[PDB]
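Chemist: Sharing a structure here in structure tokens format.
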Amino acid sequence: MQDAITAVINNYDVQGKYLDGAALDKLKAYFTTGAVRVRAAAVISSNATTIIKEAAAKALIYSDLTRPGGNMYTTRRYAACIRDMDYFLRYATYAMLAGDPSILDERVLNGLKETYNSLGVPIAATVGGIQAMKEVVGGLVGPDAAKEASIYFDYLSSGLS
Amino acid sequence: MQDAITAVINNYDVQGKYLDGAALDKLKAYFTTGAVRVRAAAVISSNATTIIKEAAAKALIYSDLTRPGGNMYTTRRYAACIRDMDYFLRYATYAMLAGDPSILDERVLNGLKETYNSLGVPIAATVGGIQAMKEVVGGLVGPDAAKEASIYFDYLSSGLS
Amino acid sequence: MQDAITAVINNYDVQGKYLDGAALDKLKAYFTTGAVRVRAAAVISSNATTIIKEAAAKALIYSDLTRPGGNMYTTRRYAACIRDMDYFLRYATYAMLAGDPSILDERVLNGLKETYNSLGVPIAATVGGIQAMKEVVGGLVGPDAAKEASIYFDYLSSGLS
Amino acid sequence: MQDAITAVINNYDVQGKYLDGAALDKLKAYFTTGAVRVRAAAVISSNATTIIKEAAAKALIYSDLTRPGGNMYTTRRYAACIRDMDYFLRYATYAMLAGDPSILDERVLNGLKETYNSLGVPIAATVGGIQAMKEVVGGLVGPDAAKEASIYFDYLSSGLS
Amino acid sequence: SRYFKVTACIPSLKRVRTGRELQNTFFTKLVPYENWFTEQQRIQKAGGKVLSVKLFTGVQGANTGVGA
Amino acid sequence: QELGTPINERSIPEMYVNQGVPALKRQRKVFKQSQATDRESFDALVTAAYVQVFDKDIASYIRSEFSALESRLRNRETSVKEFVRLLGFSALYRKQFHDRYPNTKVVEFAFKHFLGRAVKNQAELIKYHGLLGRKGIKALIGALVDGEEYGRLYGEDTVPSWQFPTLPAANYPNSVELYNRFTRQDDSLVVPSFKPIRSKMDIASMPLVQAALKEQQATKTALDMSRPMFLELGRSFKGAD
Amino acid sequence: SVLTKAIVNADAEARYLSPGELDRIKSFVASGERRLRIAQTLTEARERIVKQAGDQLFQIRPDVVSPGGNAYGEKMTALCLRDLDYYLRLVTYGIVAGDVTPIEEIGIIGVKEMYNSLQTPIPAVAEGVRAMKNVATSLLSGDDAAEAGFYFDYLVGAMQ
Amino acid sequence: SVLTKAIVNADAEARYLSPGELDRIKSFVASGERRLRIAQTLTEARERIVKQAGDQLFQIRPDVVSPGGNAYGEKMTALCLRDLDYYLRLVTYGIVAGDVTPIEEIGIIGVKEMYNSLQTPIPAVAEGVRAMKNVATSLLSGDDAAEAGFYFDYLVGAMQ
Amino acid sequence: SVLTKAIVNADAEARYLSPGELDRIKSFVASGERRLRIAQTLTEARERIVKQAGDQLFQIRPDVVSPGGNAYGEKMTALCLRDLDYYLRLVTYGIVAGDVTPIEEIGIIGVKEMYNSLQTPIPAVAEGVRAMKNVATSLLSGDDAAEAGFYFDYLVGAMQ
Amino acid sequence: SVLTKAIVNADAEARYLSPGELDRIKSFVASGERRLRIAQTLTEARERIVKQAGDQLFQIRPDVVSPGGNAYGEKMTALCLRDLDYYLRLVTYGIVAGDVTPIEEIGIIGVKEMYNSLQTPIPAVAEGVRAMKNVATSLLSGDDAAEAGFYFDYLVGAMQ
Ligand SMILES: CCC1=C(C)/C(=C/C2=NC(=C\c3[nH]c(/C=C4\NC(=O)[C@H](C)[C@H]4CC)c(C)c3CCC(=O)O)/C(CCC(=O)O)=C2C)NC1=O
Ligand SMILES: CCC1=C(C)/C(=C/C2=NC(=C\c3[nH]c(/C=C4\NC(=O)[C@H](C)[C@H]4CC)c(C)c3CCC(=O)O)/C(CCC(=O)O)=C2C)NC1=O
Ligand SMILES: CCC1=C(C)/C(=C/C2=NC(=C\c3[nH]c(/C=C4\NC(=O)[C@H](C)[C@H]4CC)c(C)c3CCC(=O)O)/C(CCC(=O)O)=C2C)NC1=O
Ligand SMILES: CCC1=C(C)/C(=C/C2=NC(=C\c3[nH]c(/C=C4\NC(=O)[C@H](C)[C@H]4CC)c(C)c3CCC(=O)O)/C(CCC(=O)O)=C2C)NC1=O
Ligand SMILES: CCC1=C(C)/C(=C/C2=NC(=C\c3[nH]c(/C=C4\NC(=O)[C@H](C)[C@H]4CC)c(C)c3CCC(=O)O)/C(CCC(=O)O)=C2C)NC1=O
Ligand SMILES: CCC1=C(C)/C(=C/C2=NC(=C\c3[nH]c(/C=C4\NC(=O)[C@H](C)[C@H]4CC)c(C)c3CCC(=O)O)/C(CCC(=O)O)=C2C)NC1=O
Ligand SMILES: CCC1=C(C)/C(=C/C2=NC(=C\c3[nH]c(/C=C4\NC(=O)[C@H](C)[C@H]4CC)c(C)c3CCC(=O)O)/C(CCC(=O)O)=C2C)NC1=O
Ligand SMILES: CCC1=C(C)/C(=C/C2=NC(=C\c3[nH]c(/C=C4\NC(=O)[C@H](C)[C@H]4CC)c(C)c3CCC(=O)O)/C(CCC(=O)O)=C2C)NC1=O
Ligand SMILES: CCC1=C(C)/C(=C/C2=NC(=C\c3[nH]c(/C=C4\NC(=O)[C@H](C)[C@H]4CC)c(C)c3CCC(=O)O)/C(CCC(=O)O)=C2C)NC1=O
Ligand SMILES: CCC1=C(C)/C(=C/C2=NC(=C\c3[nH]c(/C=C4\NC(=O)[C@H](C)[C@H]4CC)c(C)c3CCC(=O)O)/C(CCC(=O)O)=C2C)NC1=O
């Protein structure tokens, strides 16, 4: 994986360049937002379970999805689905700390679209589950962090569609 | 394409068999339901536009799908979507007359899943549009024809998922 | 896999239906033939080797198949072929006990047609090997069980062609 | 294994005692030496190969040990011996970081005396190889860390004799 | 070519377990010379005592034939 | 009543029966040595360890070559892990799953016979495939079986098994592809290598960083400081223009 | 079923069924009509069993139908009894299958995670499931009531 | 500790500690005196924390100290608070270790099986554990109260 | 970085980062400004560090610039200093990130095999790096010189 | 505000602001953005905060929502949460003002007389406010949670 900082280092390493003014400006733009990323992660982590619960309640359950014939019918599949939800939330929190989406590609999106096609897992319904968790997250983390958390949920959801 | 009758003829032709008792029984099972298929097609055809309107109203519009960022946003895409809906309805009516789903594969499903993935067209939302038209159709055509119309809508929808 | 008792349950579960009268009638139709299935399996199992021997003798060996240039030439390939034969016999015996062909799809037919195309294994010749074992089986198991054993051999053989 | 922080906890747990003043004083006595342990480990790790080379040169090679009839004769056994040396160095570095010798018992000394008796490996010669690496280590790590590194080499060597 | 015969006792420290499991915790067995060693580590890195080790197959002196 | 009935009829009940992992994940059995005491049972264990390593088709032909190995297992001289390892070092293994394939499919086949899955990431292919290039098959096998992963998952007795893994990304579908190919059905490498990903969002275009860079500009150019005003009053903001 | 569980053992050892395995299929299938009757009786009284289970449950623990209760209100209650209807259905399936395979995949594996999310109080649910045993069992002969009772106590067991 | 958890990774890969691993040991040990102060304060008020936790618990759920309650009576109560004293002790251990290794082996692995046997109601116990957080946290500075709070919420988490 | 290392360990365990796994990162952020500054300082004097490193090297090991030496000649020496310029660059990268990470992938994993092929004496490359430490360290304050020195000694360590 | 309070004391003693008064205006205004963030977060979660205070309240006092209780019934409960929504709003006002002037004139002076007339139990309104503190405080960083907490405890104090 890479973060903001290693994204820059590797982009310069392939050119064998010492870090110059443009590079140093990028890294500053990361460091200057760093404390806010940490606070936001502590809110998400400590509200993890409630975010999933409120996101499922707005976007998944009370529906045909949970009623025989639906993909989250059976305790078995309901558990798998909210398990997935926890992955998304947790990794988006990593991406936002790192300030780089590369981890969402390497460890979450790669092959996932076809995995879901192969099992029958409804893609559009999963995206709504992602964009509902974003909605909840953006309330909990506040002005400071709302836009920055949000983008990696949006990265996740256009990665499936 | 093939219908009930040519399905049987081609299955025997590859064995070079004259039609035997088992074959003749199958063909009877088609002919004996034939008049009912015709009446059902005349109801669907003549209510085509109302079925689409009621199916869209229950399963597509008044939603994020029709509001900026949604795939059926723009008059341009709204028109394409209900155009599609008309295809489904019309072809399902062909399949049900023929008593064979082969036309739904040859002229509708082949490549369509990936076509929709490539344009971004939401699959799950399209299935609901299919299963809503089925619901309306099953009311309009009555006891005689309800089960027989229904199956080719179900063929269409498990063809996408 | 599924069996007649299990299939009735999963077919109703997806509709969320209690078992009702129609379901209960199906299950009876299985239980009422159960003792006969068991006796038939004990005949097949205990005559396994003789059935393969008589089936090969009527439908495979004494031929170009066993001669140089033939697919069951070499002790290696002759062994592989009658090994296969044992699979078919054994699984058909499972399908007939279960009163459901689903195991023949899941664990025998899936990909087998193309596997045989890729190795050069003659399909038509293999079908004759299946329909010869059926012929022998139907003699050994008697009136009680003949039709019921036979169908899963016929399932196997139309699965390849 | 256990370390100074962990040992204090398990030593009190078996008595069911809260950590009290005496316990808290012990833990302080560890924390207050902690930074120095880390620096010392980084010197040992990064000079690993040179320490073995200088220790072997002072205490093992240029001798009957490396000549025919000697236990470190053959490239096989010479390799096994300096492989061992690396274990000792590496584990002593663990013990010194942990501030507890328990790992040297659990993962190094247990059964080793008899293992060496069974293979014929000369014990006294191995101790000199340990006490030569200590000598080198004590120069490289400096006043700060010399005594603390030294004791776990001495633990190792009285564990064999 | 050489083989060590070793006794190991490894307890379960996460989870308890529920069905017979007695050969999975205290066992003895011949192990090859090439591993016996990196399996000596896996056993001690999973918190297990190693009780006894015996040579079994080879000769203590060595030099030739060992390598096979 | 009706809040437990479907809403859209499941009208070809069957298409809805089969969605999910599939049935094979849970309709298969695990053989362990420790509850495979007694002769009847022990033969099953053994026969199922030839179906895990070797894979089914070619395990049908085994007759009695490994019979000295079986005696030792039967007599408790070696554990199930030793038996498994030793059957990977045998010439039959080597002939069947190594001699006819390129060295990167040898690693993949071995992953699925001794571990259950497919290669997880690329830092692995590299590790294990560069130990086969360096030392041949017996080191590749010896490594898989003595890993932490094998030990956690399988322990001393437990014949290895197919696990349908859930995590890392793509491990599940990669593995399920491997699992459902009969011997010689398809011999392509499934996981040839993991393509390296790229990056589509420059990191200074993100919101938090992007706005902390605008602020960075303002301060240096525009303004003065903590040194005496006389020094700050004769400063040029630009430097070369 | 007994078949699914057992054949699986056959295929996994690459062999035909044992005399033992064949015997149990025979004894099992002989006990078919009775098991079908047990399911019929209970299917026939499902609405009564659920409703009377629901009263027995809320006496033994009402708080769930109170201001801060998971099942507080008319439609939060319409769901709790619906879940009780679900589990009775699965119990009829189990009885006709002669084991839990179906009961398990449909309604216990994942049930902890589902209910923890909903913060339905699961342990109250076990008591609710237990009440259904009491009602259903009063509509069956002694012998059939015991045979049914094993499957009720299994579900009670799995929610644990 | 952090050491135990991390070194284990070193030995398992047959290697010396990484720069990363060395850095975290350094940052960890720098945070030592503070962690020791947090444990001292709580050790110093243990009897108050337990007692006030015990009142907070029985209001939020009294039934346990009633005729058919697991903790009914003077010596059935002397044991429930003693268990609360046990867990506060383990929480002080965890805080000074910087992880749960010790807390876990001593008092969560096996805890379901222990309490199920005793039929102590475990879920009431989680609430009791939660009460101690409230008391202990009111005797610590904001920063130290949070650091302590993570370990309380862990135990609450593990009884689940 | 410190970030990458922390996260990778987190994700492997599939649980959010700990509340203390948010202490090393905080230290690194404060450190990073200083770390960025040290790298810039090193970058400014690169040509002087390399050249003076190269003199210090050839005095201490004249054999590499001799008839049968890997660096014998004007253009076998030019490539040798270029390699010294490469490693100083990687050292600035390592310092700034706060974790060695990228340098390993760029210039130590595979370095034995590369130089063995070219027949370059590895331990005299390690000497060239010590020589650079000596020069670079004389252009930095005591505190910054130590912080830099760890990364020089790492490279020296990895070529071993 | 802090401004209003400082000035009123200034004008009443016929004088310019003190160094002290000037200092607090300066410290206050420096916390402006932070205080605005604290109000935003809580405004953003208002509906959730009232639904968790309301659950916490009805567990602790099921009687208020009982035959002879002031909040007994669906619309006597609806008004009760609306009052909880009122007080959360006033708490956001107080936090951005840095004192209670606004909170006080709007919702505590006269509150005894209002609720005595309606026969609302005042101390259980104080409990509803503690319940909101608990929820709101779990959506804020340690430092911001304390700053918010002072204003919650004030309202709890004034209903007394
Ligand atoms: C067949 C396998 C299966 C089961 C069992 C199942 C249960 C299930 N119970 C639900 C809700 C619920 N279930 C209950 C049940 C209870 N409340 C209590 O306090 C009692 C302990 C218990 C009644 C005995 C309640 C109160 C809700 C509503 C919770 C909410 O909406 O937050 C929901 C979400 C609503 C929905 O979309 O249907 C599901 C999916 N789903 C399944 O696929
Ligand atoms: C930006 C391009 C764009 C447009 C214009 C657009 C229009 C639009 N108008 C709608 C409904 C409607 N639009 C109207 C409009 C009118 N009724 C009248 O009699 C008048 C002639 C007219 C007002 C001047 C009405 C009454 C409905 C409700 C119809 C229904 O619900 O059946 C709907 C369905 C409701 C929804 O889901 O939003 C859409 C999508 N969508 C788009 O993406
Ligand atoms: C090159 C590798 C290879 C071999 C060896 C081979 C042997 C072979 N021997 C056969 C039959 C036979 N083989 C024998 C041989 C014997 N009878 C005896 O009693 C003696 C012991 C023995 C002569 C020494 C007999 C009698 C049959 C006829 C058996 C029958 O038709 O049932 C058949 C079946 C007839 C056919 O289709 O050709 C094969 C394939 N096939 C091969 O691909
Ligand atoms: C458990 C279900 C299952 C089945 C059924 C199965 C079939 C199967 N048959 C195979 C080959 C084969 N199959 C045959 C079969 C025949 N040769 C003939 O000429 C006849 C027409 C026919 C026998 C009647 C032969 C000769 C081969 C060897 C092809 C080769 O030389 O590679 C192979 C390739 C691997 C191997 O050689 O073992 C598979 C997997 N595998 C399975 O896992
Ligand atoms: C039979 C298997 C076997 C071999 C080969 C072996 C070699 C061996 N060579 C040694 C030293 C040495 N070997 C050499 C050899 C050379 N110097 C060069 O530059 C040339 C490339 C090369 C001569 C062709 C030198 C110079 C030393 C002394 C190194 C020292 O003392 O640091 C030593 C350490 C001195 C001793 O204790 O004997 C051993 C053990 N030992 C064995 O058991
Ligand atoms: C992780 C902790 C650990 C340790 C320490 C360890 C030691 C150890 N040393 C061994 C052999 C040996 N050890 C030596 C050591 C020496 N030869 C000498 O002459 C010197 C006195 C001495 C080096 C200073 C030699 C020569 C052998 C090979 C004996 C043989 O030929 O079989 C063996 C037998 C297996 C093997 O050959 O690798 C073990 C297990 N194993 C472990 O798992
Ligand atoms: C299927 C037949 C079978 C049996 C009976 C069996 C017993 C058995 N008990 C064990 C440990 C143990 N057994 C006990 C038992 C007790 N502690 C006490 O104080 C009491 C006196 C007693 C209970 C009445 C304890 C406490 C341990 C854990 C020892 C440790 O911490 O390592 C272990 C070590 C592995 C493990 O921890 O699970 C085994 C194998 N294993 C088997 O396979
Ligand atoms: C670490 C990164 C990672 C991810 C994200 C991941 C996803 C993932 N989801 C899976 C299944 C699944 N995923 C879902 C998800 C859902 N069901 C719905 O209806 C909703 C639309 C949705 C939840 C919002 C379900 C129901 C299954 C089970 C399918 C089955 O029954 O086989 C599986 C198959 C293996 C398993 O069942 O665990 C994987 C690997 N695996 C990974 O390693
Ligand atoms: C490769 C070298 C090697 C040898 C030699 C070997 C011998 C050996 N003989 C065994 C058993 C046995 N060995 C015999 C032998 C005999 N019975 C008699 O009455 C006669 C006196 C004698 C034959 C002349 C018998 C009957 C058993 C079975 C004991 C039992 O029932 O467990 C076993 C126990 C495991 C098993 O049953 O296979 C081993 C390991 N194992 C080896 O790995
Ligand atoms: C036994 C038969 C066999 C071959 C031949 C083989 C090749 C092979 N080359 C690989 C990578 C590679 N191959 C190269 C080769 C080159 N780079 C260049 O620029 C040059 C043009 C070229 C050398 C002349 C490189 C640089 C990589 C690494 C790609 C990466 O970073 O992932 C890999 C990926 C796994 C790994 O990294 O080891 C394989 C499997 N594998 C095999 O099993």
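Going through the structure tokens in order, the chains are called A, B, and so on, while each chain numbers its residues from 1 and the ligands are numbered from 1 in the order shown.
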Within 6 Å of chain F, which residues of chain A are there when counting only C-alpha atoms? Please give them as a PyMOL selection string.
Modeler: chain A and resi 4+26+29-30+32-33+67-69+107-108+110-111+115+119-120+148
Chemist: Write out, as a PDB file, in the first residue's frame, the residues just selected, with C-alpha atoms.
Modeler:
```pdb
ATOM      1  CA  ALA A   4       0.140  10.470   1.037  1.00  0.00           C
ATOM      2  CA  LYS A  26       2.352  18.311  -1.100  1.00  0.00           C
ATOM      3  CA  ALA A  29      -0.689  19.726   2.725  1.00  0.00           C
ATOM      4  CA  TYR A  30      -0.912  16.256   4.301  1.00  0.00           C
ATOM      5  CA  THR A  32      -1.315  20.112   8.178  1.00  0.00           C
ATOM      6  CA  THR A  33      -4.534  17.985   8.068  1.00  0.00           C
ATOM      7  CA  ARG A  67     -37.362 -11.599   3.347  1.00  0.00           C
ATOM      8  CA  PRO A  68     -37.087 -15.168   1.835  1.00  0.00           C
ATOM      9  CA  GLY A  69     -35.614 -14.931  -1.675  1.00  0.00           C
ATOM     10  CA  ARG A 107      -7.181  -5.164  -0.219  1.00  0.00           C
ATOM     11  CA  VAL A 108     -10.883  -4.481  -0.879  1.00  0.00           C
ATOM     12  CA  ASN A 110      -9.641  -6.160  -6.441  1.00  0.00           C
ATOM     13  CA  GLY A 111     -11.921  -8.936  -7.790  1.00  0.00           C
ATOM     14  CA  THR A 115     -17.009 -12.155  -6.499  1.00  0.00           C
ATOM     15  CA  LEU A 119     -22.411 -15.287  -5.409  1.00  0.00           C
ATOM     16  CA  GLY A 120     -25.375 -13.183  -6.570  1.00  0.00           C
ATOM     17  CA  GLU A 148     -12.085  13.942   4.024  1.00  0.00           C
TER      18      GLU A 148
END
```
Chemist: Could you work out which residues of chain D fall inside 8 Å of chain H? Count only C-alpha atoms, and format the result as a ChimeraX atom specification.
Modeler: /D:1-3,5-6,9-10,17-20,24,28,31,34-35,38,45,90,94,98
Chemist: Output the selection as a PDB file, in the first residue's frame - C-alpha atoms for each residue.
Modeler:
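Printed below is again06.pdb as written:
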```pdb
ATOM      1  CA  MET D   1       7.886 -15.928  27.755  1.00  0.00           C
ATOM      2  CA  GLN D   2       7.868 -12.979  30.145  1.00  0.00           C
ATOM      3  CA  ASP D   3       9.464  -9.542  30.278  1.00  0.00           C
ATOM      4  CA  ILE D   5       6.599  -5.455  32.728  1.00  0.00           C
ATOM      5  CA  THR D   6       4.795  -8.807  32.289  1.00  0.00           C
ATOM      6  CA  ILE D   9       1.977  -8.597  36.572  1.00  0.00           C
ATOM      7  CA  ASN D  10       2.024 -12.461  36.710  1.00  0.00           C
ATOM      8  CA  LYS D  17      -2.399  -8.340  44.585  1.00  0.00           C
ATOM      9  CA  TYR D  18      -2.979  -4.950  43.067  1.00  0.00           C
ATOM     10  CA  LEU D  19      -0.041  -3.379  41.858  1.00  0.00           C
ATOM     11  CA  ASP D  20       1.301  -1.761  45.004  1.00  0.00           C
ATOM     12  CA  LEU D  24       5.395   0.171  40.854  1.00  0.00           C
ATOM     13  CA  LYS D  28       9.954   2.200  37.046  1.00  0.00           C
ATOM     14  CA  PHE D  31      11.136   1.916  32.169  1.00  0.00           C
ATOM     15  CA  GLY D  34      14.333   1.333  28.407  1.00  0.00           C
ATOM     16  CA  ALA D  35      15.665   3.853  25.833  1.00  0.00           C
ATOM     17  CA  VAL D  38      16.716  -0.006  22.365  1.00  0.00           C
ATOM     18  CA  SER D  45      21.578  -6.056  15.110  1.00  0.00           C
ATOM     19  CA  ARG D  90      19.875 -12.692  18.541  1.00  0.00           C
ATOM     20  CA  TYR D  94      15.710 -10.267  22.953  1.00  0.00           C
ATOM     21  CA  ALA D  98      12.787  -7.714  27.658  1.00  0.00           C
TER      22      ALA D  98
END
```
Chemist: Any residue with an atom at most 6 Å from ligand 1 counts, using only C-alpha atoms and all ligand atoms. Which are they? Put them as a PyMOL selection string.
Modeler: (chain A and resi 61-63+66+73-75) or (chain G and resi 64+70-71+76+79-81+83-84+86+106-107+118+120-122+124-125+128)
Chemist: Tell me as a VMD selection string which residues belonging to chain J come within 12 Å of chain H, counting only C-alpha atoms.
Modeler: chain J and resid 56 to 62 134 138 141 to 147 149
Chemist: For the selection you just gave me, I'd like the residues written to a file as a short mmCIF file (atom, residue, chain, number, x, y, z; two decimals), in the first residue's frame, keeping N, CA and C atoms.
Modeler:
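Written output follows (again26.cif):
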```cif
data_model
loop_
_atom_site.label_atom_id
_atom_site.label_comp_id
_atom_site.auth_asym_id
_atom_site.auth_seq_id
_atom_site.Cartn_x
_atom_site.Cartn_y
_atom_site.Cartn_z
N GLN J 56 -32.79 5.86 27.70
CA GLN J 56 -32.14 5.85 29.01
C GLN J 56 -33.09 6.32 30.11
N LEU J 57 -33.95 7.29 29.79
CA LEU J 57 -34.89 7.83 30.78
C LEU J 57 -35.97 6.81 31.17
N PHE J 58 -36.61 6.20 30.18
CA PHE J 58 -37.75 5.30 30.44
C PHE J 58 -37.34 3.97 31.09
N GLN J 59 -36.09 3.54 30.92
CA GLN J 59 -35.60 2.39 31.68
C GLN J 59 -35.49 2.79 33.16
N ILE J 60 -34.84 3.92 33.40
CA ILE J 60 -34.54 4.38 34.76
C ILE J 60 -35.82 4.78 35.51
N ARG J 61 -36.83 5.26 34.78
CA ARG J 61 -38.12 5.68 35.35
C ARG J 61 -39.29 5.22 34.47
N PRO J 62 -39.62 3.92 34.49
CA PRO J 62 -40.72 3.40 33.66
C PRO J 62 -42.10 3.89 34.10
N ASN J 134 -24.74 11.89 28.23
CA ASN J 134 -24.12 10.61 27.90
C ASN J 134 -24.04 10.33 26.39
N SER J 138 -20.52 11.02 23.71
CA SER J 138 -19.95 9.92 22.94
C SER J 138 -19.75 10.25 21.45
N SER J 141 -14.74 14.52 20.80
CA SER J 141 -13.42 14.25 21.34
C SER J 141 -13.37 14.58 22.83
N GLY J 142 -12.45 13.93 23.54
CA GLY J 142 -12.33 14.08 25.00
C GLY J 142 -12.43 15.53 25.45
N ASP J 143 -11.61 16.38 24.83
CA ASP J 143 -11.55 17.82 25.16
C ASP J 143 -12.84 18.56 24.87
N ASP J 144 -13.45 18.25 23.74
CA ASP J 144 -14.69 18.91 23.37
C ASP J 144 -15.85 18.35 24.18
N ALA J 145 -15.79 17.06 24.49
CA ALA J 145 -16.83 16.43 25.32
C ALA J 145 -16.91 17.06 26.71
N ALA J 146 -15.76 17.37 27.32
CA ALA J 146 -15.74 18.05 28.62
C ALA J 146 -16.33 19.45 28.48
N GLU J 147 -15.83 20.23 27.54
CA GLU J 147 -16.36 21.57 27.34
C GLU J 147 -17.88 21.60 27.18
N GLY J 149 -19.85 19.19 28.33
CA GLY J 149 -20.40 18.61 29.54
C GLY J 149 -20.72 19.62 30.62
#
```
Chemist: Residues up to 7 Å from ligand 10, counting only C-alpha atoms and all ligand atoms: could you list those as a list in words?
Modeler: residues 102, 103, 104, 125, 126, 129, 130, 133 and 193 of chain F
Chemist: Can you write just those residues out, N, CA and C atoms, as a PDB file, in the first residue's frame?
Modeler:
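Writing done, so here's selection19.pdb:
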```pdb
ATOM      1  N   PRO F 102       4.901 -25.052 -15.474  1.00  0.00           N
ATOM      2  CA  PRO F 102       5.816 -23.946 -15.302  1.00  0.00           C
ATOM      3  C   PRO F 102       6.029 -23.701 -13.915  1.00  0.00           C
ATOM      4  N   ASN F 103       7.095 -23.246 -13.417  1.00  0.00           N
ATOM      5  CA  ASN F 103       7.279 -23.077 -12.011  1.00  0.00           C
ATOM      6  C   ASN F 103       6.330 -22.188 -11.253  1.00  0.00           C
ATOM      7  N   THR F 104       5.584 -21.284 -11.843  1.00  0.00           N
ATOM      8  CA  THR F 104       4.598 -20.543 -11.099  1.00  0.00           C
ATOM      9  C   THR F 104       3.246 -21.239 -10.961  1.00  0.00           C
ATOM     10  N   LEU F 125       3.949 -14.834  -3.847  1.00  0.00           N
ATOM     11  CA  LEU F 125       4.345 -15.503  -4.964  1.00  0.00           C
ATOM     12  C   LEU F 125       5.747 -15.274  -4.852  1.00  0.00           C
ATOM     13  N   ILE F 126       6.271 -14.101  -4.662  1.00  0.00           N
ATOM     14  CA  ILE F 126       7.623 -13.813  -4.580  1.00  0.00           C
ATOM     15  C   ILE F 126       8.330 -14.518  -3.553  1.00  0.00           C
ATOM     16  N   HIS F 129       7.787 -18.586  -4.508  1.00  0.00           N
ATOM     17  CA  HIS F 129       8.198 -18.963  -5.819  1.00  0.00           C
ATOM     18  C   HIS F 129       9.632 -18.733  -6.034  1.00  0.00           C
ATOM     19  N   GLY F 130      10.279 -18.056  -5.164  1.00  0.00           N
ATOM     20  CA  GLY F 130      11.652 -17.831  -5.228  1.00  0.00           C
ATOM     21  C   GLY F 130      12.335 -18.685  -4.286  1.00  0.00           C
ATOM     22  N   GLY F 133      12.512 -21.795  -7.072  1.00  0.00           N
ATOM     23  CA  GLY F 133      13.487 -21.555  -8.069  1.00  0.00           C
ATOM     24  C   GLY F 133      14.770 -21.823  -7.452  1.00  0.00           C
ATOM     25  N   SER F 193       0.206 -13.280 -11.660  1.00  0.00           N
ATOM     26  CA  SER F 193       0.806 -12.292 -10.789  1.00  0.00           C
ATOM     27  C   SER F 193      -0.195 -11.268 -10.456  1.00  0.00           C
TER      28      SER F 193
END
```
Chemist: Counting only C-alpha atoms, which residues from chain F have an atom at most 12 Å from any atom of chain H, and could you show them as number ranges by chain?
Modeler: F: 146-149
Chemist: Do you have the CA of residue 8 in chain C-CA of residue 160 in chain G distance handy?
Modeler: 29.0 Å
Chemist: Have a look at CA of residue 108 in chain J and CA of residue 159 in chain J and let me know their distance in Å, one decimal.
Modeler: 7.2 Å
